[PDB]
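Raw coords_11.pdb, PDB, C-alpha atoms:
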```
ATOM      1  CA  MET A   1      45.237  65.831  -0.543
ATOM      2  CA  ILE A   2      47.315  62.672  -1.212
ATOM      3  CA  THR A   3      46.326  59.529  -3.173
ATOM      4  CA  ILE A   4      48.298  56.373  -2.784
ATOM      5  CA  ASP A   5      47.828  53.749  -5.536
ATOM      6  CA  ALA A   6      48.571  50.486  -3.759
ATOM      7  CA  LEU A   7      46.738  48.217  -6.220
ATOM      8  CA  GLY A   8      48.517  44.908  -6.609
ATOM      9  CA  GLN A   9      50.406  45.392  -3.323
ATOM     10  CA  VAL A  10      50.003  42.846  -0.585
ATOM     11  CA  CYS A  11      49.456  43.690   3.045
ATOM     12  CA  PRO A  12      50.769  45.279   5.148
ATOM     13  CA  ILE A  13      52.242  47.522   2.394
ATOM     14  CA  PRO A  14      49.095  49.615   1.742
ATOM     15  CA  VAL A  15      48.681  50.262   5.446
ATOM     16  CA  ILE A  16      52.340  51.187   5.928
ATOM     17  CA  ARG A  17      52.307  53.591   2.970
ATOM     18  CA  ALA A  18      49.111  55.134   4.355
ATOM     19  CA  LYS A  19      50.435  55.466   7.852
ATOM     20  CA  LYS A  20      53.687  57.085   6.622
ATOM     21  CA  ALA A  21      51.661  59.567   4.600
ATOM     22  CA  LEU A  22      49.432  60.411   7.590
ATOM     23  CA  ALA A  23      52.296  60.774  10.077
ATOM     24  CA  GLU A  24      53.902  63.183   7.598
ATOM     25  CA  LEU A  25      50.936  65.595   7.517
ATOM     26  CA  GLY A  26      51.857  67.177  10.806
ATOM     27  CA  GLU A  27      49.466  68.949  13.144
ATOM     28  CA  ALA A  28      47.732  70.469  10.127
ATOM     29  CA  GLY A  29      46.116  67.212   9.109
ATOM     30  CA  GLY A  30      44.803  66.531   5.669
ATOM     31  CA  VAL A  31      43.441  63.672   3.611
ATOM     32  CA  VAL A  32      45.046  60.419   2.500
ATOM     33  CA  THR A  33      43.132  58.239   0.059
ATOM     34  CA  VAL A  34      44.409  54.754  -0.726
ATOM     35  CA  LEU A  35      43.494  52.512  -3.640
ATOM     36  CA  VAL A  36      43.405  48.759  -2.678
ATOM     37  CA  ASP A  37      42.142  45.628  -4.421
ATOM     38  CA  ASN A  38      40.789  43.514  -1.553
ATOM     39  CA  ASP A  39      38.519  43.922   1.482
ATOM     40  CA  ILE A  40      41.120  42.715   3.869
ATOM     41  CA  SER A  41      43.340  45.687   3.071
ATOM     42  CA  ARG A  42      40.386  48.057   3.484
ATOM     43  CA  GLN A  43      39.741  46.579   6.913
ATOM     44  CA  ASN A  44      43.363  46.908   7.876
ATOM     45  CA  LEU A  45      43.377  50.523   6.694
ATOM     46  CA  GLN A  46      40.249  51.347   8.782
ATOM     47  CA  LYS A  47      41.548  49.645  11.950
ATOM     48  CA  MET A  48      44.774  51.677  11.601
ATOM     49  CA  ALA A  49      42.754  54.841  11.061
ATOM     50  CA  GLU A  50      40.551  54.221  14.124
ATOM     51  CA  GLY A  51      43.694  53.241  16.012
ATOM     52  CA  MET A  52      45.138  56.693  15.197
ATOM     53  CA  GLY A  53      41.880  58.498  15.946
ATOM     54  CA  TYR A  54      41.167  59.465  12.365
ATOM     55  CA  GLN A  55      37.876  59.427  10.527
ATOM     56  CA  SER A  56      37.707  57.225   7.384
ATOM     57  CA  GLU A  57      35.282  55.942   4.751
ATOM     58  CA  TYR A  58      35.587  53.550   1.848
ATOM     59  CA  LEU A  59      33.904  53.133  -1.483
ATOM     60  CA  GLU A  60      33.968  50.091  -3.778
ATOM     61  CA  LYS A  61      34.538  51.380  -7.306
ATOM     62  CA  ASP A  62      34.624  49.810 -10.757
ATOM     63  CA  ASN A  63      36.880  46.899 -11.641
ATOM     64  CA  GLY A  64      37.261  45.907  -7.998
ATOM     65  CA  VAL A  65      39.146  49.036  -6.839
ATOM     66  CA  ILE A  66      38.467  49.947  -3.255
ATOM     67  CA  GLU A  67      39.164  53.566  -2.283
ATOM     68  CA  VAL A  68      39.699  54.184   1.425
ATOM     69  CA  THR A  69      39.800  57.849   2.411
ATOM     70  CA  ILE A  70      41.408  58.843   5.702
ATOM     71  CA  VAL A  71      41.051  62.272   7.204
ATOM     72  CA  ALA A  72      43.380  63.897   9.741
ATOM     73  CA  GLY A  73      42.112  67.408   9.255
ATOM     74  CA  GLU A  74      41.869  68.842   5.719
TER      75      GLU A  74
END
```

Output the file's structure as structure tokens, nothing else.
Amino acid sequence: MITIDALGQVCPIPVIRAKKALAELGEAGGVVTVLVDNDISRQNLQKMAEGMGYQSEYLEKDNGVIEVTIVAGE
């Protein structure tokens, strides 16, 4: 699995880092989780995931951290 800490980064950086990580997983798929600090980023991350045909979920943790998990196949 791969976890990208993108806290403090402004869009579209989190989404770009996430997409690069997903495109790098090859046909084998896997899981990319991304830490973001605003709902807008979470939305952007989910639209990109749906766009690519990947399943995703998100969970709002403590201290405002949003974790968005994207699955390709792990």

Could you expand the PyMOL selection byres ((chain A and resi 52) around 12) into the explicit residues it covers here, written as a PyMOL selection string? chain A and resi 18-19+22-23+45-51+53-56+70-72

For this file, the PyMOL selection byres ((chain A and resi 4-16) around 12) selects which residues, as a ChimeraX atom specification? /A:1-3,17-23,31-49,63-70

As AutoDock Vina command-line options, what would the box around region 58-69 of chain A look like: edges along x, y and z, 6 Å added on every side, centre and edge lengths in Å to one decimal?
```
--center_x 36.9 --center_y 51.9 --center_z -4.6 --size_x 17.9 --size_y 23.9 --size_z 26.1
```

Fewer than 2 positions away in the same chain doesn't count, so skip those; otherwise give me all residues within 9 Å of residue 27 (chain A), counting all atoms listed in the file, as a compact mmCIF listing (two decimals) with C-alpha atoms, in the coordinates of the input.
```
# COMPACT_ATOMS: atom_id res chain seq x y z
CA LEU A 25 50.94 65.60 7.52
CA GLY A 29 46.12 67.21 9.11
CA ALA A 72 43.38 63.90 9.74
CA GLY A 73 42.11 67.41 9.26
```
